[PDB]
Amino acid sequence: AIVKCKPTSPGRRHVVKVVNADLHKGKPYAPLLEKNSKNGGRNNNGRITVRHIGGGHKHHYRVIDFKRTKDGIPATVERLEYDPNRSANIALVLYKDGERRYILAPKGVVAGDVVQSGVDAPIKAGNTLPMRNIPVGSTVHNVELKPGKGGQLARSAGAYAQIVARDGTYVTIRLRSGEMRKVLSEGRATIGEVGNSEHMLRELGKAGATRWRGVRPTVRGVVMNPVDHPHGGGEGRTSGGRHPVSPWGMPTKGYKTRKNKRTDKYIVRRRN
Amino acid sequence: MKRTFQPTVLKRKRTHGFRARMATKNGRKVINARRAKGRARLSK
Amino acid sequence: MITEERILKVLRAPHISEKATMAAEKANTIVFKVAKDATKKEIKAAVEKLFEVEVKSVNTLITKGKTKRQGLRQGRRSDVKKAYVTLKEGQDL
RNA sequence: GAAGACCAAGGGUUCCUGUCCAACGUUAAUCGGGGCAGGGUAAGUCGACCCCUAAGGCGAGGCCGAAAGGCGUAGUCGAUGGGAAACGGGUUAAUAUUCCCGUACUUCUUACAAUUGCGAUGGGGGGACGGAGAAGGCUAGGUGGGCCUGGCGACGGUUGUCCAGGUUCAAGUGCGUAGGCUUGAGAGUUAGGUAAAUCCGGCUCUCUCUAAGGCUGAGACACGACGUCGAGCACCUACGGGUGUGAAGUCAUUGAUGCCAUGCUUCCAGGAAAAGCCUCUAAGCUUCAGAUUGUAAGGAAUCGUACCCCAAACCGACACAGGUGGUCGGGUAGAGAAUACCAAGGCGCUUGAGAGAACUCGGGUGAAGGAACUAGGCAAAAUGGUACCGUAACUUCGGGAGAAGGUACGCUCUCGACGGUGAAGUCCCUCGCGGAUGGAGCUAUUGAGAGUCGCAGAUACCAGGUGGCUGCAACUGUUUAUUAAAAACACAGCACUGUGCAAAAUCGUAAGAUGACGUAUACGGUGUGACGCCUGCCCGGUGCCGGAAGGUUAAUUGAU
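Which chain is which? The protein sequence lines are C, 2 and T, in order.
Residue numbers 1 to 272, in the entry's author numbering, belong to the letters of the first sequence in order.
Residue numbers 1 to 44, in the entry's author numbering, belong to the letters of the second sequence in order.
Residue numbers 1 to 93, in the entry's author numbering, belong to the letters of the third sequence in order.
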């Protein structure tokens with residue numbers, strides 16, 4: 001739920017919190033945790049390759065079944081859990097054979113619910129069929145681009161794709177971008193939308209809250225010196241003195257940067 | 001006031017030590033250079 | 001298995017000292033200057049064989065050598081390993 | 001709450017003793033961190049080494065690269081983290097959890113005995129962990145009583161309800177308490193844990209399910225300890241000692257920031273890893289080898305150990321008003337680790353002696369006035385506590401607010417009201433580290449009244465000046481190390497835009513990386529900058545996006 005914090009301090013005044021009562025208060029399921037050190041946006045060269053990343057809380061990576069290939073065997077949602085490694089929540093499912101796993105927790109799914117994968121799987125939330133076995137019009141998430149590879153599209157909190165058409169060995173999906181693209185029908189997708197849609201209604205309220213999420217501050221180009229940024233320089237506030245560019249001179253405000261060509265055949269309509 | 005030399009032995013060795021010099025081509029160049037100069041101390 | 005050659009190299013000299021004298025008088029401990037390589041086991045063997053005594057304990061330390069100036073040229077004296085060898089009660093060396 | 005005592009680092013003999021005083025030492029020096037010589041550092045248990053891993057490093061093959069090399073797999077290194085075990089006392093000129101005394105604990109090897117499926121690089125478990133808050137239980141330590149020993153007063157008084165000092169001891173073992181966690185028991189079974197599994201996970205049946213079993217566990221108590229310590233005396237002088245022998249050794253209260261507690265509650269930002277360890281089997285071995293439990297015998301190496309550490313020994317050229325991580329923290333007062341005065345302990349800061357000019361520095365007071373000073377109240381002065389009373393505009397309803405401004409405040413007595421702890425005795429016991437029950441003793445809080453001294457009772461130290469109008473920036477933050485701390489940066493929020501995942505983007509020749517083990521509620525760039533009301537007109541220019549008809553146009557081709 002969405003809760004506005006009472007202004008007992010500046011720093012609290014404009015906080016809006018997503019508080020989910022259904023999330024498990026205890027410790028996560030230890031067999032599915034891995035270490036997840038932070039890199040501060042530095043690469044193997046040790047250089048900052050991505051700006052404005054640094055700090056935040058230590059958190060373990062939870063291992064999610066994005067593949068969902070354990071067909072036939074039903075699984076019951078033991079609990080929903082907070083996953084620090086993503087916006088969505090994760091469900092801990094128990095298979096009838098006593099395997100436990102984490103899945104991306106779909107919208108209306110709660111402890112006790114049964115999920116199943118495979119071609120026979122009923123068309124209900126959390127179930128994973130091959131998209132050829134999923135009726136046209138249906139909303140799905142955790143969509144595979146390559147069969148067997150595991151879900152890659154529609155995994156963010158509140159995300160989902162809709163199957164728009166089916167022609168041959170491809171289905172056309174509409175992604176949250178608005179892009180329409182062909183995907184191989186053999187690829188799996190899970191029925192329904194990812195949960196935690198209220199994620200977008202949060203309001204951090206204060207500087208430090210961003211810092212808790214491991215985001216360092218962004219300095220604007222216009223307040224740097226010309227040696228530092230094409231928008232640097234000037235006496236008094238300026239607008240950059242030029243068409244907006246990145247730190248590396250690349251045109252921002254409109255300039256398209258997609259250059260794939262390999263994958264253009266799969267894109268039916270662009271998001272625009 | 002905190003001055004620039006804040007010695008630790010380990011950091012001295014790992015940076016300027018013999019095994020550090022010997023690990024890299026350019027480090028070995030330094031050792032050879034110092035050995036040619038006649039330097040009593042090749043490494044720190 | 002300590003050889004006799006080893007046994008004859010381990011103990012370098014007795015150590016003469018107010019402290020050594022006290023040790024001998026009070027705690028039945030003979031202080032030797034032992035070889036740097038010497039181990040407490042080798043030292044016990046050597047003391048037993050070469051003095052026909054029964055050793056209770058061997059404690060060893062290394063004294064690091066003093067730097068000395070000697071006019072212009074500074075230089076260090078050599079490190080000495082000493083062994084405090086406690087003889088069993090009744091035994092004299 | 002250090003100018004004391006320790007430790008790490010860093011240094012490296014500066015340590016202790018004798019001797020010397022040239023130089024060094026801001027003077028002299030008999031002294032010294034100086035010179036010279038001699039001595040001094042004792043470990044199964046501390047630390048290193050070692051086993052284990054983090055970031056990260058290196059990296060067989062590999063991938064990539066003119067060469068040099070770069071990246072990286074298997075690996076192997078890498079603590080700042082995980083992993084066995086020792087305390088009390090005594091002793092040196094100088095070490096001591098290391099020597100000695102007392103009394104422990106850990107682990108390994110070998111041999112032997114009795115039981116006996118053993119076996120991992122694999123499975124499962126465990127190890128194993130966040131921030132904040134709170135209540136409770138303890139203990140150290142403090143204080144007082146009692147006790148023991150001594151005292152009976154340099155000047156009135158001081159045989160007392162008087163004075164002073166003391167009133168010691170741990171690990172460990174036993175025990176299993178306050179507290180914490182967890183239902184157990186027995187059957188039958190198996191879509192799982194890369195194979196296997198008797199282990200784990202799952203399922204089914206019964207039974208039990210505030211419970212009572214297990215696990216954990218401060219502290220208490222017993223032992224350790226008829227030892228040790230102990231004021232005091234005895235006792236040798238060499239005048240330093242040495243040995244010798246030694247009283248009481250309890251109770252109450254208070255009480256940690258230490259312990260139970262890696263707990264409990266709660267929150268979001270969701271909280272190392274790996275090994276040791278337990279268990280399970282596999283391949284493999286089955287008079288074996290191994291395993292377990294026990295009993296002997298033996299081992300546990302090596303390296304560090306001096307000394308300095310709010311520093312004259314480290315970093316600052318100096319015996320430099322600076323810097324330097326961690327631990328310990330007594331009394332009175334006090335909320336307190338503030339502050340004042342003291343303890344333990346340590347120092348008087350390595351030039352002194354005079355004098356009592358100007359002027360400089362740091363302070364104290366000041367007639368009358370009171371900002372007239374000045375760029376500017378700069379600096380000073382002032383305010384300063386607690387309890388209660390009382391408090392405006394405005395407001396985002398939190399604030400503003402300690403607004404403002406008042407009153408009381410010492411000490412003595414009297415009458416009161418109360419909290420904690422909990423003795424004896426009593427009574428139940430499911431008889432113990434158990435319950436009531438009881439109030440002695442101890443200790444704390446507080447009200448009212450009366451009185452009394454002084455210029456003054458928050459008496460010192462300590463300790464907000466306040467209010468009004470207005471610009472700017474929402475706010476806490478950040479910055480020009482060393483002339484700028486701000487209105488500058490950031491910021492939450494907003495918007496545009498890129499980006500469909502082999503994402504964009506960035507580092508890189510490449511491989512490979514980050515992005516992200518993320519996936520459009522995401523990620524990157526750009527601007528704006530909480531919040532409220534809003535955000536007009538112009539697409540000519542220049543961007544960017546789209547469109548392609550035509551025109552122009554490269555390599556190429558090669559007609560003439």
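Note that CB positions come from ideal geometry on N, CA and C, so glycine has one too.
Residue pairing for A121 (chain C): DSSP places it in no beta bridge.
Contact between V34 (chain T) and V10 (chain T) holds: their C-beta atoms lie close to 6 angstroms from each other, under 8 angstroms. Closest in C-alpha terms to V16 (chain C), from the list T210 (chain C), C5 (chain C), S9 (chain C), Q116 (chain C), comes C5 (chain C).
CA-to-CA, the gap between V110 (chain C) and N44 (chain C) works out to about 41 angstroms. According to DSSP, residue pairing for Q162 (chain C) in a beta bridge involves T139 (chain C), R174 (chain C). Restricting attention to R220 (chain C), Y255 (chain C), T252 (chain C), the CA atom closest to the CA of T238 (chain C) is found in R220 (chain C). Looking at the backbone, the Cα of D71 (chain C) and that of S117 (chain C) are separated by about 5 angstroms. For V194 (chain C), the CB contacts under 8 angstroms within the same chain, skipping 5 residues up- and downstream, are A88, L104, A105, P106, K107, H141, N142, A154, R155, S156, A157, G158, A159, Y160 in chain order. The three-state secondary structure of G75 (chain T), taken from DSSP, is strand. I48 (chain C) carries a strand assignment under DSSP once its states are collapsed to helix, strand and coil. Taking the Cα positions, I163 (chain C) is about 8 angstroms away from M131 (chain C).
In this model, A165 (chain C) and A207 (chain C) are separated by some 45 angstroms (Cα to Cα).
By the beta-carbon neighbour count (other beta carbons within 10 angstroms, threshold 16), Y102 (chain C) is buried. Between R86 (chain C) and the set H59 (chain C), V93 (chain C), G205 (chain C), the nearest pair of CA atoms involves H59 (chain C). Under the three-state reduction of DSSP, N59 (chain T) is assigned to strand. For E42 (chain T), the enclosing alpha helix (DSSP H) begins and ends at 40-51.
With fewer than 16 other Cβ atoms from the protein chains shown falling within 10 Å of its own Cβ, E5 (chain T) counts as exposed. Leaving aside the five residues that flank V80 (chain T) on each side, the residues in its chain whose CB is nearer than 6 angstroms to its CB run, in chain order, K33, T63.
The three-state secondary structure of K81 (chain T), taken from DSSP, is strand. The alpha-carbon of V115 (chain C) is positioned some 8 angstroms away from that of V93 (chain C).
The C-alpha of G55 (chain C) is placed about 7 angstroms away from the C-alpha of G40 (chain C).
Boundaries around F32 (chain T) are those of the beta strand (DSSP E), 29-34, since no alpha helix (DSSP H) includes it. Of the candidates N196 (chain C), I48 (chain C), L32 (chain C), the residue whose Cα lies closest to the Cα of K38 (chain C) is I48 (chain C). Here the C-alpha atom of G137 (chain C) lies approximately 14 angstroms from the C-alpha atom of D167 (chain C). By the beta-carbon neighbour count (other beta carbons within 10 angstroms, threshold 16), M180 (chain C) is buried.
Closest option to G11 (chain C), judged by alpha-carbon separation, among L204 (chain C), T252 (chain C), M250 (chain C): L204 (chain C).
Counting along the chain, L80 (chain C) sits inside no alpha helix (DSSP H); it lies in the beta strand (DSSP E) bounded by residues 75-81. For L8 (chain T), the enclosing alpha helix (DSSP H) has its first and last residue at 4-10.
Excluding its 5 nearest sequence neighbours in each direction, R13 (chain C) has C-beta neighbours in its own chain below 6 angstroms: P7, listed in chain order. The Cβ-Cβ distance between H199 (chain C) and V18 (chain C) falls below 8 angstroms.
Straight across, the Cα-Cα distance linking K68 (chain T) with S78 (chain T) is about 11 angstroms. Contact between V58 (chain T) and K36 (chain T) is absent: CB atoms are separated by about 15 angstroms, not below the 8 angstroms threshold.
DSSP places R34 (chain 2) in no beta strand (DSSP E) but in the uninterrupted alpha helix (DSSP H) bounded by 25-37. In the DSSP assignment, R188 (chain C) forms a beta bridge with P130 (chain C).
Pairing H24 (chain C) with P122 (chain C), the inter-Cα distance amounts to about 27 angstroms. Only exposed fits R28 (chain 2), as fewer than 16 other CB atoms lie within 10 angstroms of its CB.
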